[PDB]
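# Chain and residue survey
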Amino acid sequence: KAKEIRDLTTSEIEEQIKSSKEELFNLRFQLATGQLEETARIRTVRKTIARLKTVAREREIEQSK
RNA sequence: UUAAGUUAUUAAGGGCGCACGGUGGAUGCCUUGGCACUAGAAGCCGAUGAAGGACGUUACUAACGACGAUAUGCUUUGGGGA
């Protein structure tokens, strides 16, 4: 998942960020209830958010020059 | 049976020796770190916010490292081949 991101509009980038955060908050918020058995899934999510914001920032630069 | 004479047996415990352990950690051997130096480079960092630090970040997480709310790491460019 590196150039799935490059296929975006610079506006869809925001929405998948938000929805990924709600996905996450669902998991974090279940997590102390113990409903969750999945452990390593969260890393994938948080890393995705890192990617989306990274690329958004890079294009933020190259839309500045 | 008598008088006289002599004399050892005892080891509660101790000493000498001999053995078997226990204690505690020297010596022997080794190095996971260091001392002193040669050749060569480099000899600065910072208001475009340092050096140094606080608080946090892991699936469960107390500490060191690593990192900083994009958080136990992100993208790219090369290298490498489970």
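Cut-offs and rules
Residues numbered from 1 in each chain as written, not as in the entry; some residues may be left out. Chains lettered and ligands numbered in written order. Part of a larger assembly, values for the part shown. Heavy atoms only, no water. Helix = DSSP H or I, 4+ residues; strand = E, 2+ residues; numbered from the N terminus. Expected span 1.5 Å × (residues − 1). Buried < 20%, exposed > 50% of the residue type's maximum accessible area, 1.4 Å probe, protein only. Arc of directions from axis to C-beta. Contact = heavy atoms within 4.5 Å. Salt bridge = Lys/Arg side-chain N within 4 Å of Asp/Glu carboxyl O. Core = buried A, V, L, I, M, F, W, Y, C linked by side-chain atoms within 4.5 Å. Patch = residues over 30% accessible without salt bridge, like charges linked within 9 Å, V, L, I, M, F, W, Y side chains within 5 Å. Areas by Shrake-Rupley, 256 points an atom, 1.4 Å probe, with all protein chains shown as cover. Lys, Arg positive; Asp, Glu negative; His and termini not counted. Charge placed at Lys NZ, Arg CZ, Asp CG, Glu CD. Near = heavy atom within 4 Å. Polar contact = N/O pair within 3.5 Å; in protein donor to acceptor, adjacent residues only side chain to side chain. Nonpolar A, V, L, I, M, F, W, Y, C, P; charged D, E, K, R; others polar.

cryo-EM is the method the PDB entry lists for this structure, together with a resolution of 3.8 Å.

For helix α1 (residues 12-31), which comprises 20 residues, the first-to-last C-alpha distance of 28 Å matches the rise-based estimate of 28 Å (1.5 Å per residue) to within 8%. Residues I13, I17, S20, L24 and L27 constitute the buried set of α1. Buried residues of α1, viewed axially, fall in a sector of 90°; they line one side. In this structure, α1 carries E22 and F29 as exposed residues pointing more than 90 degrees from its buried face. In this structure, the buried residues of α1 make contact with α2 (41-62).

With that settled, consider the pattern of salt bridges. By the definition in use, this model includes 4 salt bridges. In this structure, the salt-bridge partner of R41 is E38, at a minimum N-O distance of 2.7 Å. You can call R41 partly exposed: its relative accessible area is 39%. Among the ionic pairs, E60 bridges to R57, the shortest N-O distance being 3.4 Å. One end of the pair is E60 and the other is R57, both in helix α2 and 3 residues apart, which spans about a single turn.

Residues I5, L8, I13, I17, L52 and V55 constitute the largest nonpolar core, which totals 6 residues. Of all the elements in the fold, those that place two or more residues in this core are α1 and α2. Discounting residues that sit within four places of it in the chain, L8 has contacts with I13, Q16 and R59.

Time to look at a positive patch on the surface. Judged by side-chain charge, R28, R43, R46, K47 and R51 come together as a positively charged surface patch. Relative to the helices and strands, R28 is located in helix α1.

Right, let's get into the protein's contact with RNA strand B. Close to RNA strand B lie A2, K3, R6, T39, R43, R46, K47, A50, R51, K53, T54 and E58. Within the side chain of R6, one N or O atom sits 3.5 Å away from a sugar or linking oxygen of RNA strand B. At a separation of 3.0 Å, a sugar or linking oxygen of RNA strand B approaches a polar side-chain atom of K47. Here the surface near RNA strand B is built from residues that sort into 2 nonpolar, 2 polar and 8 charged.

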